[PDB]
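Presented below is the structure to which this report refers.
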Amino acid sequence: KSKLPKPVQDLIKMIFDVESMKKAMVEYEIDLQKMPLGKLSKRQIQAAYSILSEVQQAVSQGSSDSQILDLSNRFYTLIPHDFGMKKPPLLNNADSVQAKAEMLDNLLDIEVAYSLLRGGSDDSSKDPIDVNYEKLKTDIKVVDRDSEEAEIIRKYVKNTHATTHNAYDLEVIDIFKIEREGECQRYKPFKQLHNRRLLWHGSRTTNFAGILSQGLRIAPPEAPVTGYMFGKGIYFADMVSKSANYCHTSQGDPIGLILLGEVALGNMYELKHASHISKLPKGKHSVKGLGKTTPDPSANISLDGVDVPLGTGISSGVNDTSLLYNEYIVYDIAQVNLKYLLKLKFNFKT
Amino acid sequence: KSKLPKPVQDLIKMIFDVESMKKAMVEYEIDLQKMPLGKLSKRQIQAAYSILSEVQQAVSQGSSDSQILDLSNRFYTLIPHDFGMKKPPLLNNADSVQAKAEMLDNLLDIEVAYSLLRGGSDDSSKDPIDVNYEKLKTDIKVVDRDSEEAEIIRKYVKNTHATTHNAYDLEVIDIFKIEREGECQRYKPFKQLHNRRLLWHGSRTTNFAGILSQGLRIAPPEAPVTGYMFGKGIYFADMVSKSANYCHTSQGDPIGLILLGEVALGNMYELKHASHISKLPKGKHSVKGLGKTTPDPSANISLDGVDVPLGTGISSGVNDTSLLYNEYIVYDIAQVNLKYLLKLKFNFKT
Amino acid sequence: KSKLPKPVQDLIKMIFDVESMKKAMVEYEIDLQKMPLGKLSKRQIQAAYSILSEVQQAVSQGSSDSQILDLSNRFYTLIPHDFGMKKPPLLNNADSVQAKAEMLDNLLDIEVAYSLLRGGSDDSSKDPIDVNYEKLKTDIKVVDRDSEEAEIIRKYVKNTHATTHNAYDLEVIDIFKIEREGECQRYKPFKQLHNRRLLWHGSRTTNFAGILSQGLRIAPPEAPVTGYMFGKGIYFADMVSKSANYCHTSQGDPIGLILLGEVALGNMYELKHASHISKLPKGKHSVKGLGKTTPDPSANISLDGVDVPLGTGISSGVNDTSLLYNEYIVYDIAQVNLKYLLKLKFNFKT
Amino acid sequence: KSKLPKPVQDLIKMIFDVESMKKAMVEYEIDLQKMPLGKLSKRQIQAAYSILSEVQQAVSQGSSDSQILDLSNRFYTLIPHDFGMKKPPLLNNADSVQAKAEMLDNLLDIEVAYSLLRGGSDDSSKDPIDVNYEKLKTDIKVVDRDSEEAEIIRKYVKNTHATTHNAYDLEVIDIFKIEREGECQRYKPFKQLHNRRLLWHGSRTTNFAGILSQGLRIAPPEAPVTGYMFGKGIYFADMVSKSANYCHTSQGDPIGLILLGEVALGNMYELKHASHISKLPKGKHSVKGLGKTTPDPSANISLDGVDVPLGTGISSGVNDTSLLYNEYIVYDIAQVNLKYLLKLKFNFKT
Amino acid sequence: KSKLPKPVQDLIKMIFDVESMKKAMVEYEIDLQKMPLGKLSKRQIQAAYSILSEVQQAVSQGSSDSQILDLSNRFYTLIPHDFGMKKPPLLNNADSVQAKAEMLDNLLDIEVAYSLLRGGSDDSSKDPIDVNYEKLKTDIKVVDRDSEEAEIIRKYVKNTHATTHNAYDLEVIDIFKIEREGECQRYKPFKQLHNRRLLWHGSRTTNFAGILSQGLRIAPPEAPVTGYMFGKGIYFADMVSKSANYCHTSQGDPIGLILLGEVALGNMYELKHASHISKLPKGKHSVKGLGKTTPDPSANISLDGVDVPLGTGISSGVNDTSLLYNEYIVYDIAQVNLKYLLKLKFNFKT
Ligand SMILES: C[C@]1(c2nc3cccc(C(N)=O)c3[nH]2)CCCN1
Ligand SMILES: C[C@]1(c2nc3cccc(C(N)=O)c3[nH]2)CCCN1
Ligand SMILES: C[C@]1(c2nc3cccc(C(N)=O)c3[nH]2)CCCN1
Ligand SMILES: C[C@]1(c2nc3cccc(C(N)=O)c3[nH]2)CCCN1
Ligand SMILES: C[C@]1(c2nc3cccc(C(N)=O)c3[nH]2)CCCN1
């Protein structure tokens, strides 16, 4: 039987859960009869991305309908949604393209997870636990609840979580230290870059197999730009509250996963409103969206050079921003070093 | 084409939505491969109820396990849940039986809805809209947004909805007046009973076909008692906030349905803590669970004799109660007269 | 002596107050010794705008300093700020250009007001009150406190003002009905455009002479784009709280002015994040920035066809927006019809 | 049997309740064995007042103890408090004298009530209800719950009651219109004085017999001045929250009484901090203590000339005051016309 | 070049800023054309104080106008305010005299600062930084951010700052240890007095040159008494929130200065309402105004004998007070030992 610790074994079952994949798809109204899990394709998803981009263009130009109707019908022909009646919803605005793209993003990681869950040798010489674990290409270790690392992290979570949106309370059930294969050399260069911070990154549970196996990725060129406040990059927050909302947990499934990564920010280009760049000013190596709220700077803390902004949340200098929280973006995956993964229990106050 | 107004036509598509049925089942982790919608049976559900009751008994006695294991395995053999690994959850406590029973309740109405959605004559001499509408055996009319009825109702909803649990805001999209076949004579007697009130009753969208076609029903004898604070009856609230939580809506599906019914309460037996009776004291005809919060009595209002407690929520006399809201229970379905049905939009504040 | 009502006479003294102009300039650290009020020039302000735009460009490119230093020194040579020591602040980021542009905007209206306050015939055949009043080219009337108009407006102000940012409370001291010369024909066309709404527009008191005499204007081409979430246009809000923050009042001067204008919106292009367009999609005639909060739609109200969204503030459908409040933008001044002007007393809670 | 309405009969039993008198005395730690109700004397209470004033003087001078000890022993020799051990508390500070004076105030009205409850003819030719009612020398009438008067009053109570100190909620159980003998001519003069307002005045239930029979009175000369922010006068509030705190109700006895009186204020001398005057500036006829909170002026309302400030509570112009609420004081009892008396139910939120 | 640390150099530029002086004067509506900075006189300010006192007297007596008009005209003849029209405001009430006195207080320290900024030798043998520094006659040192002193102070600031008036958040930018010449011997005596506490004292930035050079001073005899709740003395608070409001910072200038001083309180005379004494009871050496809120006593802390009440804010025993916060007053400047000065950044939540 697996020599893996019990908490890791449970982590493995969580991310490679087929029922969870199926559930996310039905939550999207996708018809599994026509589009089963094993039938998801990458080229199919790229095609869908392209259509979405075309809708956004049609929307910006103000297409004289008809074109919007055909594009909409084309999208649903590729992504078989079952509605029954009322007819398929029309994709005629930014809000609509954003939702569909967010879905394609998730469906791609599910496709990635299903494709890994079915490879190599589906024999039993070894239990499914250790095999699937190996497929992640990531070394996973449990962090003792009573250590220095755990204390810092828990405080990070406890302090950057306030009451302004306290629709729930956070409880850390498990803390894992992580270092995926590949993310141990690639970073070494950007390490010779100042302003490295330990930041939060939340994401749907059904995307973690893809995230651990492939690392955080930047949206492909066929993907619509709408939905990314600061262009196609990798986003992080310094307040657990901001990231936790991307875990999409609920009273039904109050358990979610969240990452903590070391990101070599370098000189940050500061902005207060959405701006599509990806182009970056000379000398800048990241973007910091300025939020209304920020961790108490006096409470900052470090270690090895990586700053950890676990100060309680206070009002920042500028409020003339649309953003509520800080937001950090990098446009090179090499600037990111995934360090920890937290299994969190969301208790809703309701 | 259907002569029904557009809002009613939309109501019809909502309650007879197969994708919605399928989605509620997958949300329960049920494996549709083994247990498709068309395969749901009433006797199967009664059997499942019986097992649940046996678990509750085993739990109260403190069964020396083994018996709990076999009962648990028996439940999952009847209700095929797909877990993958970790093994099926053990049903060894009140909290566990309550969740499963709540599920069986919902699965029964879905079974009822699927069985109605497939009967009579699946021909096309008439569009599916009018046919399915007739299957409800309920007369449905739209209440003009600018009428007296609509004004009273909206205020009822606006005032009994506070900020203590404001995880969302309520918006009335449609208001329907209703009178199902059968619920027009049966009540006439209990009408000759004082203390009639117009109260709220929320419920999952997927249960409305069953509710409209069969009316509100009291739990069967095989059903576990755990989960019903005051025995097997029909529950109502006088604060929309209390009932709205049973609609189980979310950011994904922020739309829900809620009923308003006239209930001939008669003399109410007042209690402050859960009590399983169903037996009722001589001269009493209902139970009022006393809550910490209550609509402002000064703001009460009537019409035809039916009191409408739309006063804003204030602290009640007694707080020495566990209950947060008032709760009304009747043990005879004839004491209930369903009058209106509201389509509501839940806007979460998050 | 002036036949004007006392409240209008007081309004006149307010907007044509020289001490107020002088005070706004010193608040900007401007040195009146070098740059007196009478020395402000329009070409000087246009030049300053150009420099600011050049800084923004330098900032976006990431100019290798030196260029940033010379541009900064050029700006302060044109706009003489007295610092004393520490040296002039460097304009090397978006946040810096925005503040300076906001200042140039205000300084231009002050220049406009000073230029009107000194023209025609500074004789005394007529008192300064009626003369200056005429210079506004706007017909001003007092709205009786106990009328229908006043009631609607006050409710508009009372309901769209919540407690989330209740750093103050609002009190309407005077309500004026207005129709400036020119804004009585120019609009007639766009009146034949649907979706006309009565919206709020706040602004510094020292800008009202310019606003009444010239009407709301769209930023000139030399002006930096940074600072306008949706391009150079005319912005309105449907929640008095949003607009009131642009009055820049305080415990020292708790009195401010705010406008209510009828804007022929037409088809609104809906967005959730900043987007510089001005280009507009075919068929769209305005932009609606979607906020997290919005007036209760059920409470909407009209008259003559102009909708007045005085519903209390509730959570809107989407929160996936950066914006807190709704925001409406039009890119043609003819789409705007200034109707009322309110003198408001801000009571801070502190 | 009494022809008095039931609500008035209940009012009568409330204010002439001996058990209530006894209870207030034991709440004061007074030993009824030594000082029974029937043993309370007016001269005894005046003597006690004098001692208290002497303590205040000793406190202001900073008496070298001993004098403080003898005065303290003298007070407790007159007012027999049972402590048991620890010894009698020392009266050596303002806070101590204030509490004792407040007690003497209450004990005097109880003495007054007991002295009325035992006079004339304790025969039974008439029931105790009508007799005691007559002893009040006040004409009492019930105000129908569905009238104009009741509506105004209830709104007055509902709006001037907020959430800042919402340790309870208010419910009006009975509303009485009142006009005591004597207070129907005496006022006629001051009626020819502007600025008449309908204000709140709360007070312990055990003081109402004295208040109805003798009217609101100003503290006697022997009484300490400490405790009266603005000298010995008659105090009123324009926010039910302020007055309700002087009813001293609780979860045990959540029922209290509160008055509404018409007071001919005249020119008000405005102050922001305690000031002992009673001397009043020429032309002023009352004092208005300026509070941080005040009823919304726009919502003011009148009738017959008496202003009723039932506007919801908002932040007032000045916060540089110690006072939280407005407070009105008059130094001539003739300036007061008691109009209504409300029986209120306090529901604590706890 | 100056050997002073950079943070001290910045402190020096802050308090000796001429633009800041000019700005405070224009904020007062003072006409710099008539009353330039260099034209401010001490005798002129004393004269103005006298007039204010005369107005207060006229107000208390209730002067039959005319006298109020002449006094008002006399005040504005001495203090040249530019209004333009509407005419000069009438000084006919306590609220008016308080504002004017507060202004004279500030104008005097500005006069003091301008008089120091222009003395000795305006040569350049030494840079203006070290010269002006010497003129303060105060030894200034920077306290390392990571020391014991800094930790205690920051906690003092973080805990005595709540959410009840959280219109802003506090950030300590610099912490200076201070000991002015003279305040090193004078205190030695009162050090042999118990109950020494480290308390807060806020003040306008433009008053610090005067405060450091002359120390905290007690109002002169010609000064009005109105405005000083407990007579002319030196006031301190034990909750940073109370003192911070006297820094008069804003979104425009969110930076302020605040002092921490050791005050030898001795026996405190406790009061709950304003009381003009200065006379003090035998054995008492200070006054403590009792507030509704107070630092958690359990969290008290000391060092060398000086208590530091940095407990979080909790409800105090008595609420029967007008005061919201505690307030300490001493009537001998020798009882005060200025120890630290904090540069604070105010972040408004708005
Ligand atoms: C909306 C979007 C996003 N913005 C974020 C800001 C802070 C944190 C996260 C996170 N995932 O933890 C964010 N995710 C844009 C890129 C993909 N999803
Ligand atoms: C938990 C339970 C329930 N209690 C309620 C109290 C007030 C209202 C409702 C409602 N459905 O609107 C309630 N439903 C017990 C019976 C079935 N579900
Ligand atoms: C920041 C900016 C602005 N945005 C607004 C949104 C709603 C209302 C107003 C207003 N003035 O009442 C706004 N003003 C951009 C254009 C000039 N000032
Ligand atoms: C404390 C004191 C008092 N101050 C008040 C201010 C507003 C209302 C009332 C009231 N009784 O309704 C007050 N009572 C001083 C005079 C006797 N009691
Ligand atoms: C209003 C007044 C004042 N009262 C205070 C109470 C606590 C602290 C302070 C402070 N300056 O930090 C105070 N200042 C009266 C004397 C001058 N200003």
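Counting convention: from 1, in listed order, for ligands and their atoms alike. Note on naming: letters A, B, ... go to the chains in the order of the sequence lines (proteins, then strands), and numbering restarts at 1 for each one. When reading the values below, keep in mind they use all heavy atoms of this one structure, side chains included, and skip hydrogens, waters and symmetry mates.
Applying the 4.0 Å criterion to heavy atoms of E:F236 picks out, from ligand 5, the atoms 7 (C), 8 (C). Close contacts of ligand 5 with E:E327, meaning ligand atoms under 4.0 Å from a residue heavy atom, involve 6 (C). Every atom of ligand 5 with a heavy atom of E:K242 under 4.0 Å away is listed here by number and element: 6 (C), 7 (C).
One finds a salt bridge joining A:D95 and C:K272 here, because a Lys/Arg side-chain nitrogen approaches an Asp/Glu carboxylate oxygen to under 4.0 Å. Residues A:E262 and A:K339 are paired through a salt bridge, judged by an N-O separation under 4.0 Å between the basic side chain and the carboxylate.
A donor-acceptor pair shorter than 3.5 Å cannot be found between the side chains of D:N245 and D:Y325.
Taking only non-hydrogen atoms, the option from E:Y235, E:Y328, E:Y246 nearest to atom 1 (C) of ligand 5 is E:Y246. When the heavy atoms of E:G231, E:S203, E:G233, E:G227 are ranked by distance to atom 15 (C) of ligand 5, first place goes to E:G227.
The shortest N or O to N or O distance between D:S243 and ligand 4 is below 3.5 Å.
For the pair E:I211/E:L338, a side-chain contact is recorded, criterion being any heavy-atom separation below 4.5 Å from C-beta on.
The closest approach between E:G202 and ligand 5 falls below 4.0 Å for a heavy atom of the residue.
Side-chain atoms of D:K288 do not come within 3.5 Å of backbone N or O of D:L271 as any donor-acceptor pair.
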- Please lay out, stage by stage, how D:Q214 and D:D109 fare under the test side-chain hydrogen bond (donor to acceptor under 3.5 Å, both in side chains). CA-CA 10 Å; D:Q214 304 187 318; D:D109 283 334; over 6 Å; no

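Contact annotation: for E:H201 versus ligand 5, heavy atoms closer than 4.0 Å belong to both the backbone and the side chain.
Per-atom contact check: atom 12 (O) of ligand 1 touches the protein, criterion being a heavy-atom distance below 4.0 Å.
Of all protein heavy atoms, the one lying nearest to atom 17 (C) of ligand 4 is D:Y228 CE2, 4.4 Å.
A ring-ring contact (aromatic ring centres under 6.0 Å, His included) with A:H201 holds for exactly one of A:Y328, A:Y340, A:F236; it is A:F236.
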